[PDB]
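There is one chain below, alone, in structure tokens, taken in the form deposited in one PDB entry.
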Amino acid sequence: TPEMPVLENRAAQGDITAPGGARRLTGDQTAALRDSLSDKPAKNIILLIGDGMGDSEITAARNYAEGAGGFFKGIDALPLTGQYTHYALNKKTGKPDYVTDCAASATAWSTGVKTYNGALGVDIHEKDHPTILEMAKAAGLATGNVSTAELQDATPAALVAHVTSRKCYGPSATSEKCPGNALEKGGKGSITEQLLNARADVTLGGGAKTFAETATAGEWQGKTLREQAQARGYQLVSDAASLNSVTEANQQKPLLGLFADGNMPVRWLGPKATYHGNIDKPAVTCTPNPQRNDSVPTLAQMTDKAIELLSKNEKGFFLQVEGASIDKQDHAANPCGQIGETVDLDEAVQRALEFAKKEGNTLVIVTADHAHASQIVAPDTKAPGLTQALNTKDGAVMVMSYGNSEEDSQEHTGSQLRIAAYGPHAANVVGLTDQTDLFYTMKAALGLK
């Protein structure tokens, strides 16, 4: 096939009150499904990760923006689907820890080995293993690592660094919390240090704050990590304008955009869930966040510029886009922020398939790292956690719930979650797989080693 079908319109066919008025699929898929099938080697691989975006997150965001009977043009439009396991390993026992953190998970799919919660590219034994990003580069492909969080955060960090603690952001954190990785003690260095040493062609996200540090040793001691980036041939860009002006990025001219002191500003603003908020409080309608500046690139924008620069490589490219704050907002009990963040990720996904569809050799994979606290309860539910009534696009009120923690931060769940793919070797996400399988798939699809 000169192209495989991307899911067209699986949105409710009509009047959801009539027979077949709700149906999503119009015909029998056997054939369409037959066409999506392919083992021709993927030439590019874009992995869009929705941080903590399980099935519950997806439903809730769609319900709100597209309505119950809606369809996500980007997120839902992927023909091949499955569920995958993502548990962690207990550092002392080598036994499962049913609820993984952001790191062990990002490592499982980036190295193909299960690890303890809080590890980045190192196994329970603390030994390092090459990441899919590193292997791609070695094989001469192009690297991209896009995110809305700080680049030091787990998901991005896990493709470019190897530290025993995900807390070893820069120089100091590392000296004390990861003595064994402290560049001055002979370690490879902090997450920030190793990210710059890693040199991926396109690196966009926030977290410029840690570049403020200065090396403790090495060839660039005294020099702020920012200075060293410049000194090493990096193109640093601080806004939409600067990014849009980058006409090329490669190993000679690698681009690094630091669009935020820490985490990038959330798109939608809305109150936080409260105890009995679905009954003592009124219905909520999210609105655009005043804080997010017109100069701070959206996920879809970053996702776009990267595909562009990255697509210049004759050999091909590897790109990880992460809608980071879905997680964070799930953690904060803030439905308007959590949902808006999934909508934002949806756009990036749209651009992924847009490229993927024309190019015809790109494997696009949309999944999350783990499940989160959020639930869609009935309107009159009386829950022990935090709720909130949202006015959805349907005109109907949807109630959300967060009751799995009393500590002031809701939390990750162990349930299996969806994994949707499209393109070459997209077959391998179907059925029940593991978060590590993802890594091996990305390998074979790219014909890597």
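Numbers for residues come from their place in the sequence shown, where the first is 1.
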Identify the stretch, either 81-89 or 281-289, whose C-alpha atoms have the larger mean B-factor according to the entry.
-> 281-289
Which is higher on average in the deposited entry, the C-alpha temperature factors of 431-439 or of 13-21?
-> 13-21
Among the candidates 296, 106, 332, 182, give the one with the maximum CA B-factor reported in the record.
-> 182
Between 350, 152, 325, 244, which carries the biggest CA temperature factor in the record?
-> 244
When the modelled residues of the chain are sorted by Cα temperature factor, does residue 30 land in the lowest, middle or highest third?
-> middle
Can you tell me which third, lowest, middle or highest, the CA B-factor of residue 259 falls into for its chain?
-> middle
In terms of the chain's CA B-factor thirds, is residue 272 lowest, middle or highest?
-> lowest
Chain-relative CA temperature factor third for residue 445 = lowest
Sorting the chain's CA B-factors, does residue 53 end up in the lowest, middle or highest third?
-> lowest
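Just so it is clear, the following notes concern the form deposited with a partner chain bound, a form of the same protein that is not shown.
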Any of the heavy atoms of residue 351 lying within 4.5 Å of its partner chain in the bound PDB entry?
-> no
Does residue 331 make contact with its partner chain in the bound PDB entry, using a 4.5 Å heavy atom cut-off?
-> no
Is there a heavy atom of residue 357 no more than 4.5 Å from a heavy atom of its partner chain in the bound PDB entry?
-> no
Do residue 164 and its partner chain share at least one heavy atom pair within 4.5 Å in the bound PDB entry?
-> yes
Pick from 361, 175, 117, 301: which residue has any heavy atom within 4.5 angstroms of its partner chain in the bound PDB entry?
-> 117
